[PDB]
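Right, one structure below, let's go through it.
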Amino acid sequence: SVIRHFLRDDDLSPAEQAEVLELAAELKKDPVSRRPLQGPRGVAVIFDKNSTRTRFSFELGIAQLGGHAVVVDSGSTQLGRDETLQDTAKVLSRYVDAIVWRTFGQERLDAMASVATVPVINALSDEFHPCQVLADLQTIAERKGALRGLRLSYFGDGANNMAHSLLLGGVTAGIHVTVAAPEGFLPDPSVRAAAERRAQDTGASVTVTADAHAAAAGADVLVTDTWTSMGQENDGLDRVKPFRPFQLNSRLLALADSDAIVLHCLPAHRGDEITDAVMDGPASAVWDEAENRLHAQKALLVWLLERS
Amino acid sequence: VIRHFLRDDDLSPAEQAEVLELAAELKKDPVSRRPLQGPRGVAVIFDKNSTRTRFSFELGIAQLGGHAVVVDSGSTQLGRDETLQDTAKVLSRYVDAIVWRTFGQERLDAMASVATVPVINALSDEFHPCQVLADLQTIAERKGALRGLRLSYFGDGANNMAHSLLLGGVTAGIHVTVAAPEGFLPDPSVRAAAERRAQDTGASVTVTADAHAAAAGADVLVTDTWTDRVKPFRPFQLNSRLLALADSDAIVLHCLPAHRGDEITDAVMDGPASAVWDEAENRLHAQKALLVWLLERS
Amino acid sequence: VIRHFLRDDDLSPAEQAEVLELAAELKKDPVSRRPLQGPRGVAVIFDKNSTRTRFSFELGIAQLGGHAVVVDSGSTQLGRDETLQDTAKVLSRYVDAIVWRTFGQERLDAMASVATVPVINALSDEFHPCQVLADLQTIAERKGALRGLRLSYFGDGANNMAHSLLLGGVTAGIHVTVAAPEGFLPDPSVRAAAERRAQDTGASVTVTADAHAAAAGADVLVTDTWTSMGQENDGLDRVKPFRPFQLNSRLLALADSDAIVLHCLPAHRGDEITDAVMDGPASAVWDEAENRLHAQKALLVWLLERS
Ligand SMILES: [O][B](=O)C1=[C]C(Cl)=[C]C(Cl)=[C]1
Ligand SMILES: [O][B](=O)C1=[C]C(Cl)=[C]C(Cl)=[C]1
Ligand SMILES: [O][B](=O)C1=[C]C(Cl)=[C]C(Cl)=[C]1
Ligand SMILES: [O][B](=O)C1=[C]C(Cl)=[C]C(Cl)=[C]1
Ligand SMILES: [O][B](=O)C1=[C]C(Cl)=[C]C(Cl)=[C]1
Ligand SMILES: [O][B](=O)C1=[C]C(Cl)=[C]C(Cl)=[C]1
């Protein structure tokens with residue numbers, strides 16, 4: 001069998017994404033019904049930069065599949081330093097049944113996935129957050145039913161990992177995705193072109209705009225995320241003034257469809273990209289969205305393991 | 001309906017007796033109760049690390065069928081990157097209980113007011129209630145019934161063990177004495193709090209600088225680390241002289257680690273009255289009992 | 001009697017054979033032995049962290065049904081806030097074995113003299129006995145019987161791998177050669193213990209500075225990094241003396257034609273070993289890394305059986 005990896009959202013075809021999302025719903029209802037890692041078989045969960053939320057979700061999810069997550073945190077000689085990345089993929093492929101990796105540049109994920117003989121999953125990277133978007137789509141489906149034809153709008157930094165993954169994973173689900181972002185903060189051209197091509201296969205569409213009010217009008221789902229990652233705090237930019245018109249506040253939510261829901265990859269900086277009234281009001285799905293990381297990541301693992 | 005255990009008086013006398021009975025059953029049959037089979041998760045969070053607390057909870061949760069997700073001080077500082085309540089609301093979807101080691105109580109109190117799973121104080125700057133459950137289990141297995149026993153704590157009466165021996169001790173019906181120098185006395189709000197549960201159980205609270213008098217007739221002698229800034233405690237050192245004043249077959253307890261030669265001597269630590277090794281082991285069983293009991297009511 | 005494994009010769013030749021046989025059985029059936037079902041705990045303690053050691057022990061203990069409680073170097077170092085004796089006594093009530101990565105051998109000895117559960121040396125300054133069990137497992141699967149084999153180690157003759165290959169190798173009946181430059185020779189006490197144990201097994205011990213002679217006729221070539229982290233500030237040029245001892249293609253071609261190459265990872269490609277040797281058909285470094293898992297499980301199973 002070809003070893004399948006999940007490094008970016010378009011790694012799943014539209015039909016394959018639907019299978020994973022269906023499995024996520026079944027695992028949410030019966031969370032110990034699938035035990036492909038019974039033994040326990042090991043899964044490596046590797047952090048180039050620590051992420052407590054990602055670790056909790058994967059550590060527990062892997063255990064509920066029967067397995068044992070072996071967590072390697074950032075303070076451990078760093079992948080690439082004491083050994084080549086390819087030496088590491090070679091030995092890890094003897095110990096564990098899958099490799100879950102939080103890292104920085106996409107080229108590192110690609111390099112690992114080209115030599116590892118077990119599935120590699122991008123837990124979170126600078127360019128994509130594919131597992132969060134699987135959880136997002138699971139949450140939207142719980143609240144709204146069929147994903148096909150929904151209109152989703154993302155606000156804020158249009159070139160961070162969530163904007164890119166909502167583009168790719170959203171159009172893979174048949175969702176019309178709009179990114180509202182100020183000039184200079186637009187999606188990467190390669191990602192935008194991949195999303196446009198993928199949207200052709202599903203009947204979806206990609207829109208990029210600097211008009212937040214237009215992006216909010218008629219939306220079924222409004223999404224935002226922090227305006228600045230930890231790496232960007234030293235980039236020299238004023239990263240507040242450009243984004244203030246894109247704040248997801250009560251006024252912006254009122255422009256959307258009356259049944260609209262709100263998503264946000266946690267943590268939120270309340271008062272910046274989103275307000276308290278929105279975060280804790282009735283349209284917020286952020287808490288279900290956080291919980292669903294567990295189920296969507298378990299489903300992705302079950303799916304990749306049985307294909308590999 | 002969502003019960004927390006942040007202080008020893010969070011349990012009534014009848015409820016404490018329930019937990020201690022369950023700790024004895026779990027010591028005998030350590031894998032017979034599996035309320036976390038799955039595994040279901042339990043968060044174990046440290047604002048400051050405690051290897052002893054982590055070791056005991058990690059193994060115990062696993063023996064209850066679950067999986068402890070340990071978050072160290074570096075990742076915690078609860079409030080690090082999101083509000084406390086934002087953290088409590090998500091944790092309540094992932095885990096079935098939250099075990100937390102933090103400094104002040106006000107931090108503990110907030111978490112418990114919002115979380116929708118039980119919150120447990122693993123160790124605080126003011127209370128160490130799980131250790132006292134392990135102490136009461138250790139006393140019961142060596143002395144029988146707790147009610148009517150005389151326990152004396154020696155040394156720093158202003159630290160977490162002194163506060164928890166007062167509250168947990170009187171809750172079990174034990175006459176508790178604290179022997180401490182004037183500068184290092186119990187917190188007044190804990191003292192009156194202990195003084196009030198003692199009325200319900202027939203126990204009592206005494207605070208003296210008289211170590212000789214606190215040791216005389218004692219059935220259980222307890223001390224703890226003091227930390228020359230360490231001058232006022234050495235008349236309270238639990239040595240062979242003080243112990244010789246106690247009741248026959250008295251036992252000695254000490255939340256570990258012990259600094260041998262300071263608050264306690266080798267002769268007492270390694271002698272026949274010492275129960276400190278069983279006491280340390282019983283954190284495992286008493287904490288499992290506390291978890292089992294909190295989980296089946298919450 | 002409570003058995004410990006602090007150095008390679010803590011197992012007799014017959015006992016080592018039992019552990020190696022178990023390791024082969026566990027590699028075929030990794031979850032069929034559950035002596036730690038419960039889970040019962042095993043303490044895995046690091047005075048200095050070793051990701052490879054923690055990784056392999058953590059997974060291996062889980063596959064025995066147990067739960068590894070890992071105590072890293074961040075946690076207050078053992079012996080600081082209480083006596084090793086005090087810690088040993090309490091650990092003996094919490095876990096069924098103690099796995100410890102520490103520095104001096106006297107610390108391991110002190111722990112094993114007091115603990116009432118088996119103590120394992122996961123890795124120390126003087127010995128790496130678990131890695132050499134994995135090495136012997138690897139040689140057996142690629143060569144057959146171990147008795148009569150000729151193994152040569154190259155590089156720093158006084159590091160933990162050289163000492164354990166000496167002791168564990170002769171216990172298995174292997175003729176062990178250490179090729180090392182002057183001033184980097186095996187500890188005299190370790191060499192004499194190996195020579196004594198060799199008299200029971202028909203093995204032999206050789207120490208030489210002639211790398212070419214050490215490689216001629218060798219069935220197994222082994223090397224290791226030239227410098228541990230605690231040696232980076234020792235003041236020595238730790239490259240120039242070892243250059244003639246590099247495991248390279250020329251050196252390997254002097255050995256027997258089906259010789260295999262071992263190396264405790266990490267390897268510094270270009271220094272003690274070349275890319276062509278690490279990646280060629282004689283290299284067994286990848287199976288050797290994997291066998292840490294199986295050999296350490298076997299050792300735990302065997303120690304728990306007898307304690
Ligand atoms: O980001 B944090 O403040 C945090 C804290 C805990 Cl205790 C658990 C998790 Cl998943 C995250
Ligand atoms: O503070 B310590 O010396 C310590 C050491 C270990 Cl290995 C385990 C525990 Cl619980 C405490
Ligand atoms: O923000 B949170 O406290 C949180 C916690 C977990 Cl365990 C998982 C996620 Cl996705 C978020
Ligand atoms: O030394 B390291 O590069 C390393 C990395 C991982 Cl991901 C796992 C292990 Cl065991 C070691
Ligand atoms: O002082 B000790 O070494 C110790 C160790 C454990 Cl695992 C638990 C407790 Cl309560 C004390
Ligand atoms: O070098 B390696 O990446 C490696 C990884 C593991 Cl898990 C174990 C060993 Cl022995 C070596």
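Going by the structure tokens order, chains are called A, B, ..., each with residues numbered from 1, while ligands are numbered from 1 in the order shown.
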
- Message: Show me which residues line ligand 3, defined as having an atom within 6 Å of a ligand atom where only C-alpha atoms and all ligand atoms count, and present them as a VMD selection string.
- Response: (chain A and resid 53 56 to 57 266 to 267 290 293) or (chain B and resid 87 90 to 91 94)

- Task: Might you pull out every residue within 12 Å of residue 32 of chain A, with only C-alpha atoms counted and same-chain residues fewer than 3 positions away left off, and present them as a PyMOL selection string?
- Result: (chain A and resi 26-29+35-38+60-67+295+298-299+302) or (chain B and resi 37-40)

Taking the DSSP assignment computed from this structure's backbone, write out as a short mmCIF file (atom, residue, chain, number, x, y, z; two decimals) with N, CA, C and O atoms, in the first residue's frame all residues of segment 71-249 of chain B that belong to strand (DSSP E).
```cif
data_model
loop_
_atom_site.label_atom_id
_atom_site.label_comp_id
_atom_site.auth_asym_id
_atom_site.auth_seq_id
_atom_site.Cartn_x
_atom_site.Cartn_y
_atom_site.Cartn_z
N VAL B 71 0.51 18.43 33.04
CA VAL B 71 0.95 19.75 32.54
C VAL B 71 1.84 20.37 33.61
O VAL B 71 1.34 20.68 34.68
N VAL B 95 -11.38 15.98 30.09
CA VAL B 95 -11.02 15.16 31.23
C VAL B 95 -12.19 15.09 32.19
O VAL B 95 -13.14 15.87 32.13
N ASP B 96 -12.11 14.12 33.10
CA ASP B 96 -13.17 13.89 34.06
C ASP B 96 -12.85 14.47 35.42
O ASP B 96 -13.72 14.52 36.28
N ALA B 97 -11.61 14.91 35.64
CA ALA B 97 -11.26 15.64 36.85
C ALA B 97 -10.00 16.44 36.58
O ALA B 97 -9.24 16.16 35.65
N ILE B 98 -9.80 17.46 37.40
CA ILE B 98 -8.65 18.35 37.34
C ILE B 98 -7.91 18.29 38.66
O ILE B 98 -8.45 18.68 39.70
N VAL B 99 -6.67 17.84 38.62
CA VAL B 99 -5.81 17.79 39.81
C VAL B 99 -4.81 18.92 39.64
O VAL B 99 -4.10 18.99 38.63
N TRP B 100 -4.77 19.84 40.60
CA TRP B 100 -3.98 21.06 40.42
C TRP B 100 -3.11 21.33 41.63
O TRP B 100 -3.59 21.31 42.76
N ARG B 101 -1.85 21.67 41.37
CA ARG B 101 -0.93 22.18 42.40
C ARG B 101 -0.68 23.64 42.02
O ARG B 101 -0.07 23.86 40.99
N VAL B 119 -12.53 19.41 40.91
CA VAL B 119 -11.19 19.98 41.06
C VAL B 119 -10.62 19.50 42.39
O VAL B 119 -11.32 19.50 43.41
N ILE B 120 -9.36 19.05 42.38
CA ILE B 120 -8.68 18.52 43.57
C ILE B 120 -7.44 19.37 43.83
O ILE B 120 -6.63 19.58 42.92
N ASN B 121 -7.25 19.79 45.09
CA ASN B 121 -6.00 20.48 45.49
C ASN B 121 -4.99 19.36 45.76
O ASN B 121 -5.17 18.62 46.72
N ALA B 122 -3.99 19.26 44.91
CA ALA B 122 -2.95 18.23 45.07
C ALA B 122 -1.98 18.67 46.16
O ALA B 122 -1.43 17.79 46.78
N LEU B 123 -1.79 19.98 46.33
CA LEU B 123 -0.85 20.58 47.30
C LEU B 123 -0.94 22.09 47.07
O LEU B 123 -0.81 22.50 45.92
N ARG B 150 -5.13 11.33 70.18
CA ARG B 150 -4.48 12.62 70.40
C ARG B 150 -3.28 12.73 69.46
O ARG B 150 -2.36 11.91 69.50
N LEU B 151 -3.34 13.72 68.57
CA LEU B 151 -2.29 13.96 67.60
C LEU B 151 -1.67 15.31 67.89
O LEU B 151 -2.38 16.29 68.13
N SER B 152 -0.34 15.37 67.83
CA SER B 152 0.37 16.63 67.99
C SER B 152 1.25 16.86 66.78
O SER B 152 1.99 15.96 66.35
N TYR B 153 1.17 18.06 66.21
CA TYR B 153 2.06 18.50 65.15
C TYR B 153 3.09 19.44 65.75
O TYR B 153 2.76 20.31 66.56
N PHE B 154 4.34 19.28 65.34
CA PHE B 154 5.43 20.07 65.90
C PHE B 154 6.16 20.82 64.80
O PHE B 154 6.36 20.29 63.70
N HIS B 175 -8.18 14.69 68.62
CA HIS B 175 -7.74 15.88 69.34
C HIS B 175 -6.40 16.32 68.80
O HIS B 175 -5.40 15.60 68.92
N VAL B 176 -6.36 17.50 68.18
CA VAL B 176 -5.19 17.98 67.47
C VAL B 176 -4.55 19.09 68.29
O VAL B 176 -5.23 20.04 68.69
N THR B 177 -3.25 18.97 68.53
CA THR B 177 -2.44 20.02 69.12
C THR B 177 -1.38 20.43 68.12
O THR B 177 -0.77 19.58 67.46
N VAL B 178 -1.15 21.74 68.02
CA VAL B 178 -0.05 22.30 67.24
C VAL B 178 0.94 22.94 68.21
O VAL B 178 0.58 23.84 68.96
N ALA B 179 2.20 22.50 68.16
CA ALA B 179 3.27 23.09 68.96
C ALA B 179 4.21 23.85 68.02
O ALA B 179 4.92 23.24 67.22
N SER B 204 -10.79 18.56 69.48
CA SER B 204 -10.35 19.79 70.11
C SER B 204 -9.12 20.30 69.39
O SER B 204 -8.47 19.57 68.62
N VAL B 205 -8.80 21.57 69.63
CA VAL B 205 -7.68 22.26 69.01
C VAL B 205 -6.87 22.91 70.11
O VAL B 205 -7.42 23.66 70.92
N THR B 206 -5.56 22.65 70.15
CA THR B 206 -4.66 23.33 71.07
C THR B 206 -3.47 23.87 70.30
O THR B 206 -2.97 23.22 69.37
N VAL B 207 -3.01 25.07 70.67
CA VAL B 207 -1.81 25.69 70.09
C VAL B 207 -0.92 26.14 71.24
O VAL B 207 -1.29 27.05 71.99
N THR B 208 0.26 25.53 71.37
CA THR B 208 1.18 25.86 72.45
C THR B 208 2.59 26.08 71.91
O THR B 208 2.94 25.61 70.82
N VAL B 220 -0.06 10.13 68.23
CA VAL B 220 0.52 10.38 66.92
C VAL B 220 1.32 11.66 67.04
O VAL B 220 0.79 12.68 67.49
N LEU B 221 2.59 11.62 66.65
CA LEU B 221 3.43 12.81 66.62
C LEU B 221 3.82 13.06 65.18
O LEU B 221 4.27 12.14 64.49
N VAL B 222 3.62 14.29 64.72
CA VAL B 222 3.78 14.63 63.31
C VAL B 222 4.67 15.86 63.25
O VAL B 222 4.55 16.76 64.09
N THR B 223 5.55 15.90 62.25
CA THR B 223 6.30 17.12 61.95
C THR B 223 6.47 17.21 60.44
O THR B 223 5.98 16.37 59.69
#
```

- Which residues, written as a PyMOL selection string, have at least one atom at most 7 Å from segment 277-283 of chain A, with only C-alpha atoms counted and residues fewer than 5 positions away on the same chain left out? chain A and resi 249-250+260-262

- Contact residues (chain C, partner chain A, 10 Å, only C-alpha atoms) as a PyMOL selection string: chain C and resi 30-32+49-52+54-56+58-60+62-65+265-269+285-291+293

Resulting file, chosen residues, N, CA and C atoms, as an mmCIF file, in the first residue's frame:
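And here is the file that came out, result.cif:
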```
data_model
loop_
_atom_site.group_PDB
_atom_site.id
_atom_site.type_symbol
_atom_site.label_atom_id
_atom_site.label_comp_id
_atom_site.auth_asym_id
_atom_site.auth_seq_id
_atom_site.Cartn_x
_atom_site.Cartn_y
_atom_site.Cartn_z
ATOM 1 N N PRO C 30 5.452 -9.108 20.766
ATOM 2 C CA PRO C 30 5.840 -7.995 21.658
ATOM 3 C C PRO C 30 4.906 -7.760 22.834
ATOM 4 N N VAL C 31 3.673 -8.273 22.818
ATOM 5 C CA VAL C 31 2.726 -7.942 23.873
ATOM 6 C C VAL C 31 2.234 -9.171 24.621
ATOM 7 N N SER C 32 2.878 -10.327 24.433
ATOM 8 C CA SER C 32 2.386 -11.554 25.058
ATOM 9 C C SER C 32 2.855 -11.739 26.496
ATOM 10 N N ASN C 49 19.086 13.801 30.861
ATOM 11 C CA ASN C 49 18.114 13.253 29.939
ATOM 12 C C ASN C 49 18.797 12.497 28.791
ATOM 13 N N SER C 50 18.112 11.455 28.310
ATOM 14 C CA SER C 50 18.515 10.681 27.139
ATOM 15 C C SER C 50 17.206 10.331 26.442
ATOM 16 N N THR C 51 16.878 11.076 25.384
ATOM 17 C CA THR C 51 15.613 10.850 24.697
ATOM 18 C C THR C 51 15.502 9.413 24.191
ATOM 19 N N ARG C 52 16.593 8.859 23.651
ATOM 20 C CA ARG C 52 16.536 7.503 23.100
ATOM 21 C C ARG C 52 16.277 6.478 24.183
ATOM 22 N N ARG C 54 14.761 7.110 27.068
ATOM 23 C CA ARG C 54 13.407 7.269 27.652
ATOM 24 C C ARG C 54 12.392 6.679 26.684
ATOM 25 N N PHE C 55 12.544 7.032 25.425
ATOM 26 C CA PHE C 55 11.626 6.577 24.390
ATOM 27 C C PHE C 55 11.486 5.053 24.439
ATOM 28 N N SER C 56 12.619 4.351 24.365
ATOM 29 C CA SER C 56 12.587 2.891 24.283
ATOM 30 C C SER C 56 12.060 2.255 25.573
ATOM 31 N N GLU C 58 10.043 3.714 27.876
ATOM 32 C CA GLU C 58 8.640 4.083 28.068
ATOM 33 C C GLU C 58 7.705 3.163 27.280
ATOM 34 N N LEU C 59 7.964 3.013 25.975
ATOM 35 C CA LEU C 59 7.183 2.110 25.133
ATOM 36 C C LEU C 59 7.318 0.660 25.563
ATOM 37 N N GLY C 60 8.535 0.221 25.868
ATOM 38 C CA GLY C 60 8.714 -1.168 26.241
ATOM 39 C C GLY C 60 7.953 -1.527 27.501
ATOM 40 N N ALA C 62 5.278 -0.112 28.607
ATOM 41 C CA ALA C 62 3.848 -0.144 28.300
ATOM 42 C C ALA C 62 3.464 -1.482 27.683
ATOM 43 N N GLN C 63 4.334 -2.024 26.835
ATOM 44 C CA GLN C 63 4.011 -3.278 26.163
ATOM 45 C C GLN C 63 4.119 -4.489 27.088
ATOM 46 N N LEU C 64 4.719 -4.321 28.273
ATOM 47 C CA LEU C 64 4.677 -5.311 29.338
ATOM 48 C C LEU C 64 3.466 -5.129 30.245
ATOM 49 N N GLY C 65 2.552 -4.217 29.896
ATOM 50 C CA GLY C 65 1.369 -3.954 30.685
ATOM 51 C C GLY C 65 1.541 -2.893 31.745
ATOM 52 N N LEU C 265 23.576 4.902 18.533
ATOM 53 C CA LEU C 265 23.255 6.231 18.006
ATOM 54 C C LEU C 265 23.163 7.270 19.129
ATOM 55 N N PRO C 266 23.400 8.562 18.834
ATOM 56 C CA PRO C 266 23.689 9.176 17.533
ATOM 57 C C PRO C 266 25.099 8.920 17.000
ATOM 58 N N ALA C 267 25.234 8.921 15.680
ATOM 59 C CA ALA C 267 26.520 8.875 15.006
ATOM 60 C C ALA C 267 26.822 10.238 14.406
ATOM 61 N N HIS C 268 28.092 10.628 14.436
ATOM 62 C CA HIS C 268 28.540 11.864 13.792
ATOM 63 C C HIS C 268 29.208 11.461 12.481
ATOM 64 N N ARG C 269 28.397 11.420 11.422
ATOM 65 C CA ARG C 269 28.869 11.023 10.102
ATOM 66 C C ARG C 269 30.029 11.916 9.674
ATOM 67 N N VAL C 285 23.108 -0.786 12.063
ATOM 68 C CA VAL C 285 22.829 0.228 13.081
ATOM 69 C C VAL C 285 21.328 0.417 13.277
ATOM 70 N N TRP C 286 20.522 0.188 12.235
ATOM 71 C CA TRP C 286 19.088 0.462 12.330
ATOM 72 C C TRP C 286 18.374 -0.614 13.137
ATOM 73 N N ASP C 287 18.673 -1.892 12.852
ATOM 74 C CA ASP C 287 18.175 -2.992 13.676
ATOM 75 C C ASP C 287 18.704 -2.908 15.096
ATOM 76 N N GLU C 288 19.945 -2.436 15.257
ATOM 77 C CA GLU C 288 20.547 -2.312 16.582
ATOM 78 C C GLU C 288 19.791 -1.281 17.423
ATOM 79 N N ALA C 289 19.410 -0.158 16.809
ATOM 80 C CA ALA C 289 18.594 0.837 17.497
ATOM 81 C C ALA C 289 17.237 0.254 17.887
ATOM 82 N N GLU C 290 16.569 -0.411 16.943
ATOM 83 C CA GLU C 290 15.275 -1.028 17.239
ATOM 84 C C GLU C 290 15.370 -2.028 18.389
ATOM 85 N N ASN C 291 16.443 -2.824 18.423
ATOM 86 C CA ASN C 291 16.556 -3.895 19.405
ATOM 87 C C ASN C 291 16.753 -3.396 20.821
ATOM 88 N N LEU C 293 14.596 -1.651 22.234
ATOM 89 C CA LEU C 293 13.259 -1.879 22.766
ATOM 90 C C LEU C 293 13.107 -3.317 23.243
#
```

Write out as CSV a residue-level contact list of chain B versus chain C with cut-off 8 Å: for each qualifying residue the closest pair of atoms and the distance in Å to one decimal, counting only C-alpha atoms, rows sorted by chain and residue number upward.
```
residue,atom,partner,partner_atom,distance
B:31,CA,C:38,CA,6.3
B:49,CA,C:75,CA,7.7
B:51,CA,C:75,CA,6.7
B:55,CA,C:69,CA,6.5
B:58,CA,C:69,CA,7.5
B:59,CA,C:41,CA,6.6
B:62,CA,C:39,CA,6.6
B:63,CA,C:39,CA,5.9
B:257,CA,C:82,CA,6.0
B:258,CA,C:82,CA,6.8
B:259,CA,C:82,CA,6.9
B:277,CA,C:90,CA,6.2
B:280,CA,C:90,CA,6.9
B:281,CA,C:93,CA,6.1
```

Can I get the selection written as an mmCIF file, in the first residue's frame, with N, CA and C atoms?
```cif
data_model
loop_
_atom_site.group_PDB
_atom_site.id
_atom_site.type_symbol
_atom_site.label_atom_id
_atom_site.label_comp_id
_atom_site.auth_asym_id
_atom_site.auth_seq_id
_atom_site.Cartn_x
_atom_site.Cartn_y
_atom_site.Cartn_z
ATOM 1 N N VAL B 31 -6.536 -2.616 41.548
ATOM 2 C CA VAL B 31 -7.047 -2.407 40.196
ATOM 3 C C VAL B 31 -8.494 -2.876 40.057
ATOM 4 N N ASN B 49 6.301 22.522 40.162
ATOM 5 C CA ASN B 49 6.375 21.052 40.075
ATOM 6 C C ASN B 49 6.468 20.362 41.441
ATOM 7 N N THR B 51 7.329 16.311 42.178
ATOM 8 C CA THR B 51 7.545 14.940 41.664
ATOM 9 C C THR B 51 6.706 13.935 42.455
ATOM 10 N N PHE B 55 4.016 11.623 40.643
ATOM 11 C CA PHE B 55 4.224 10.162 40.666
ATOM 12 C C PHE B 55 2.984 9.469 41.216
ATOM 13 N N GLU B 58 -0.213 10.069 38.882
ATOM 14 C CA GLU B 58 -0.001 9.439 37.551
ATOM 15 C C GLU B 58 -0.269 7.934 37.622
ATOM 16 N N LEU B 59 0.355 7.261 38.583
ATOM 17 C CA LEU B 59 0.166 5.798 38.725
ATOM 18 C C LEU B 59 -1.262 5.486 39.177
ATOM 19 N N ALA B 62 -3.829 5.785 36.412
ATOM 20 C CA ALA B 62 -3.638 4.641 35.495
ATOM 21 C C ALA B 62 -4.260 3.368 36.080
ATOM 22 N N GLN B 63 -4.147 3.180 37.395
ATOM 23 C CA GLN B 63 -4.719 1.992 38.070
ATOM 24 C C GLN B 63 -6.244 2.104 38.158
ATOM 25 N N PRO B 257 9.827 15.343 51.774
ATOM 26 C CA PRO B 257 11.082 14.825 52.330
ATOM 27 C C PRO B 257 11.347 15.278 53.743
ATOM 28 N N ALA B 258 12.151 14.502 54.465
ATOM 29 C CA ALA B 258 12.640 14.887 55.778
ATOM 30 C C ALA B 258 14.098 15.323 55.674
ATOM 31 N N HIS B 259 14.444 16.382 56.407
ATOM 32 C CA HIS B 259 15.822 16.860 56.515
ATOM 33 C C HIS B 259 16.372 16.301 57.821
ATOM 34 N N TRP B 277 7.216 5.677 55.928
ATOM 35 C CA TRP B 277 7.289 4.959 54.656
ATOM 36 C C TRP B 277 5.907 4.483 54.205
ATOM 37 N N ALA B 280 3.955 7.551 53.062
ATOM 38 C CA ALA B 280 4.267 7.991 51.707
ATOM 39 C C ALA B 280 3.587 7.105 50.674
ATOM 40 N N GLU B 281 3.596 5.791 50.897
ATOM 41 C CA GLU B 281 2.912 4.873 49.991
ATOM 42 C C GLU B 281 1.417 5.161 49.939
#
```

- Query: In Å, how far is it from atom 6 (C, counted along the ligand's line) of ligand 2 to atom CA of residue 292 of chain B?
  - Reply: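 Straight-line distance from atom 6 (C, counted along the ligand's line) of ligand 2 to atom CA of residue 292 of chain B works out to 25.9 Å.
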
So that I can see what lies close to residue 202 of chain B, please list as an mmCIF file with C-alpha atoms, in the first residue's frame the residues with an atom at most 7 Å from it, counting only C-alpha atoms and leaving out residues fewer than 3 positions away in the same chain.
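Wrote it out as around.cif, contents follow:
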```cif
data_model
loop_
_atom_site.group_PDB
_atom_site.id
_atom_site.type_symbol
_atom_site.label_atom_id
_atom_site.label_comp_id
_atom_site.auth_asym_id
_atom_site.auth_seq_id
_atom_site.Cartn_x
_atom_site.Cartn_y
_atom_site.Cartn_z
ATOM 1 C CA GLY B 173 -12.564 13.198 65.630
ATOM 2 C CA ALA B 198 -14.237 19.947 66.343
ATOM 3 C CA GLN B 199 -17.535 20.861 68.076
#
```

- Interface residues on chain B facing chain A, 12 Å, only C-alpha atoms, written as an MDAnalysis selection string: chainID B and resid 36:45 62 65:76 78:95

- Mind checking which residues fall within 12 Å of segment 240-245 of chain C, counting only C-alpha atoms, ignoring those fewer than 4 positions away in the same chain, and posting them as JSON, numbers by chain? {"C": [152, 153, 154, 155, 156, 157, 178, 179, 180, 181, 182, 183, 184, 208, 209, 210, 211, 212, 213, 214, 215, 221, 222, 223, 224, 225, 226, 227, 236, 249, 250, 251, 252, 270, 271, 272, 273, 274]}
